[PDB]
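Keep in mind that the numbers below use all heavy atoms, side chains included, and drop hydrogens, waters and symmetry copies. Letters A, B, ... are given to chains in the order of the sequence lines, protein chains preceding strands, and every chain is numbered from 1. Both counts, for ligands and for their atoms, begin at 1 and track the order of listing.
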Amino acid sequence: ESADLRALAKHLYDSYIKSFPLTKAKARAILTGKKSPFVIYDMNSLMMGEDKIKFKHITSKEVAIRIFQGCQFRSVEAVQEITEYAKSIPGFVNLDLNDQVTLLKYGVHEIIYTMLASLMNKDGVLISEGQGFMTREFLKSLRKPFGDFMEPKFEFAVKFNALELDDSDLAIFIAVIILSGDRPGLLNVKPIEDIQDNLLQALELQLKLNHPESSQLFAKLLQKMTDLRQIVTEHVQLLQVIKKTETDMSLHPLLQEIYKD
Amino acid sequence: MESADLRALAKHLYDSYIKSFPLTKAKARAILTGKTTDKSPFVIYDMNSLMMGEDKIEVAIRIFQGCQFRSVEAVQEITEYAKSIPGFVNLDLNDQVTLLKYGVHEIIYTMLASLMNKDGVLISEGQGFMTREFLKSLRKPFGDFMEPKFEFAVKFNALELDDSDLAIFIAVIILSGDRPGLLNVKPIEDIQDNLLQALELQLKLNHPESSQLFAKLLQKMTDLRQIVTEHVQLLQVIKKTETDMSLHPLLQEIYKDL
Ligand SMILES: O=C(O)c1ccc(-c2nn(C(=O)c3c(Cl)cccc3C(F)(F)F)c3ccc(Cl)cc23)c(COc2ccccc2)c1
Ligand SMILES: O=C(O)c1ccc(-c2nn(C(=O)c3c(Cl)cccc3C(F)(F)F)c3ccc(Cl)cc23)c(COc2ccccc2)c1
């Protein structure tokens with residue numbers, strides 16, 4: 001069944017490429033300088049970037065709020081991308097429909113954090129399919145709670161990126177996260193855990209072949225699912241604090257509805 | 001890195017686990033499943049049977065303090081076991097402290113599952129058995145403090161690990177190079193890579209029909225991390241309400257800036 005695992009890995013890589021706008025391979029070429037992106041490093045360069053490259057989400061007038069809400073809009077776009085990618089995982093659409101919804105609901109936060117790391121280095125993050133680059137210092141320095149909201153994302157990403165995964169690795173990893181049989185409220189866990197066992201086999205084999213000198217990388221990548229669960233939990237608690245504290249974050253009620261999750 | 005060397009490391013760790021922990025999963029299962037007249041526990045299911053149990057072997061505080069005493073004992077045993085893990089005592093001393101500070105609680109929960117089934121937990125080296133329902137029914141926050149341990153244990157026990165498995169698994173948890181404040185992560189990760197290699201081979205040989213148990217067991221390190229956090233948060237709440245309990249200095253230090 002070795003060749004079947006390679007097939008599953010090839011299938012997932014191909015679908016991963018079509019589903020997501022900016023791959024890790026392309027992002028690394030931009031970050032390293034190998035078409036130069038617009039750099040956002042302060043207030044004035046932000047004002048020119050939306051006026052020049054036209055970042056879609058520009059509708060509050062405060063800077064830190066607008067950036068945070070920009071992160072919200074992009075995450076909503078990513079949810080739809082992850083949802084399309086999930087449909088291509090062998091077995092997923094044959095699951096009970098409520099269970100498909102449940103796996104996506106509880107998994108998107110972990111996948112967004114994972115995939116965001118592909119767009120970051122220690123100095124900033126790519127935005128708008130790589131045309132912009134927002135510096136870590138500028139984000140880290142936003143006022144009151146917003147500065148401390150951005151920086152944990154970078155600290156996770158730098159640690160995660162030290163594993164040096166490529167897109168073919170990440171496609172199987174993302175699928176493994178989706179097929180988590182321990183999400184609350186699953187109706188039929190058995191076929192989810194069955195698919196995950198296939199995906200885990202595919203990830204293990206892929207990592208031995210693609211990183212043969214990287215001892216126990218499979219184990220180390222699974223240990224990063226501990227980090228993911230913990231930071232997703234910390235993330236939710238920070239959103240709750242931001243909602244309860246800030247009143248200058250009223251949006252149109254229909255816009256609030258799009259962002260409900 | 002060679003197969004026979006991994007088997008040697010598994011046997012070393014299993015042997016040391018036996019010397020360090022007096023109540024094994026093997027012994028606990030023999031008591032729990034029964035059919036033995038000689039190993040049969042006294043069952044504590046209410047207030048009066050608790051009163052009879054002390055003659056044989058406030059309530060919620062007394063039980064909570066009993067868990068504190070046992071946890072201190074567990075730390076001592078876990079610490080003795082850690083010293084036997086090849087390479088651990090050769091590490092920088094501050095890192096040795098750090099690995100223990102962050103590892104002991106995750107290990108206590110792991111080994112506590114060995115003493116539980118869905119209906120209760122063995123106590124006092126297997127001589128007693130306290131029902132889950134009784135613990136769940138303790139007053140104010142103490143009732144809910146006991147129960148999350150049970151929820152993990154039922155899931156964890158479904159993996160059907162035995163002691164030779166748990167010996168390597170416990171060592172892997174201790175040698176975690178991602179603990180906060182470690183000074184030299186590289187020598188810790190090198191040891192874990194051997195321990196991880198040892199666990200993988202051990203699970204393959206001992207559970208050949210249990211597909212991807214290695215991966216599923218590592219995913220359980222996630223459930224451990226979450227319940228330690230929920231535990232620490234519950235203690236902080238109990239402290240602000242109760243002064244009628246101090247904590248043992250060993251436990252006091254483990255929680256400092258955890
Ligand atoms: O392109 C992508 O793949 C992409 C994916 C994730 C993020 C992003 N999400 N995010 C979260 O807080 C967040 C997370 Cl991690 C998980 C779930 C929900 C949230 C939510 F809802 F609360 F936002 C961030 C926090 C800090 C930073 Cl530096 C980045 C993000 C981004 C940024 O996009 C921007 C676009 C324009 C201007 C500024 C940022 C891109
Ligand atoms: O034998 C063992 O290895 C063994 C190991 C852990 C526990 C135990 N600790 N514990 C904690 O709350 C606790 C924890 Cl997990 C970690 C650090 C500090 C605490 C603290 F501070 F609060 F005490 C529990 C809560 C609920 C239950 Cl069901 C069990 C325990 C037990 C119980 O032992 C008993 C002995 C006599 C009477 C009743 C119970 C045994």
B/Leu115: numbered ligand 2 atoms lying under 4.0 Å from its heavy atoms: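 Counting atoms of ligand 2 from 1, those under 4.0 Å from B/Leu115 are 1 (O), 2 (C).
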Test item, A/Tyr259 contacting ligand 1 (heavy atom, 4.0 angstrom):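 Judged by the 4.0 Å heavy-atom criterion, A/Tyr259 does not count as contacting ligand 1.
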contact_flag A/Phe55 ligand 1 heavy-atom lt 4.0 Å: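 Outside the 4.0 Å threshold, so no.
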Just which atoms of ligand 1 are under 4.0 Å from any heavy atom in [X]?
X	answer
A/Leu139	28 (Cl)
A/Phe149	12 (O), 22 (F)
A/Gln72	21 (F), 23 (F)

Compute the ring centroids of [X] and [Y], then answer whether they are less than 6.0 Å apart.
X	Y	value
B/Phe21	B/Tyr81	yes
B/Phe69	B/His248	no
A/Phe138	A/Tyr41	no

Donor on one side chain, acceptor on other, B/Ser124 and B/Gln127, under 3.5 Å: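 Checked: B/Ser124/B/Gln127 side chains pair up, N/O donor to acceptor below 3.5 Å.
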Residue portion contacting ligand 2 (non-hydrogen atoms closer than 4.0 Å) for B/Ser71: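 For B/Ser71, only side-chain atoms sit under 4.0 Å from ligand 2.
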Part of B/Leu122 with heavy atoms under 4.0 Å of ligand 2, whether side chain, backbone, both or neither: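 For B/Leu122, there is no contact with ligand 2 at all, from either part.
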Of the listed options A/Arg74, A/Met134, A/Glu50, A/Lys153, closest to atom 2 (C) of ligand 1 (non-hydrogen atoms):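 When every heavy atom of A/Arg74, A/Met134, A/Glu50, A/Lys153 is considered, A/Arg74 comes closest to atom 2 (C) of ligand 1.
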Heavy-atom nearest option to atom 26 (C) of ligand 2, drawn from B/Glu73, B/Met146, B/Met116, B/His105: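 Going through B/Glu73, B/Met146, B/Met116, B/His105 one by one, B/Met146 has the nearest heavy atom to atom 26 (C) of ligand 2.
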Residue list, side chain to side chain donor-acceptor pair (under 3.5 Å) with A/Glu137, at least two apart or on another chain: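 Here no residue qualifies.
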Any residue meeting side chain to side chain donor-acceptor pair (under 3.5 Å) with A/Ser180, in chain and number order, not counting sequence neighbours: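 A/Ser180 satisfies side chain to side chain donor-acceptor pair (under 3.5 Å) with A/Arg183 only.
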Heavy-atom gap B/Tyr255 to ligand 2 smaller than 4.0 Å: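 Under 4.0 Å: yes for B/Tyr255.
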Sub-4.0 Å heavy-atom approach of B/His231 to ligand 2: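 For ligand 2, residue contact (heavy atoms, under 4.0 Å) with B/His231 is present.
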Stacked cation flag A/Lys153 on A/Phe149, 6.0 angstrom / 45 deg: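 Yes, cation above the ring, under 6.0 Å and within 45°.
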Test of proximity, B/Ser124 against ligand 2: N or O pairs below 3.5 Å: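 No, since none of the N or O atoms of B/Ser124 sits under 3.5 Å from an N or O of ligand 2.
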Close side-chain approach of A/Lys224 and A/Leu228, heavy atoms under 4.5 Å: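 Counting from C-beta outward, A/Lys224 and A/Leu228 never come under 4.5 Å.
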Donor-acceptor pair, side chain of B/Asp244 and main chain of B/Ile61, under 3.5 angstrom: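 The answer is no, because no donor-acceptor pair under 3.5 Å joins these two groups.
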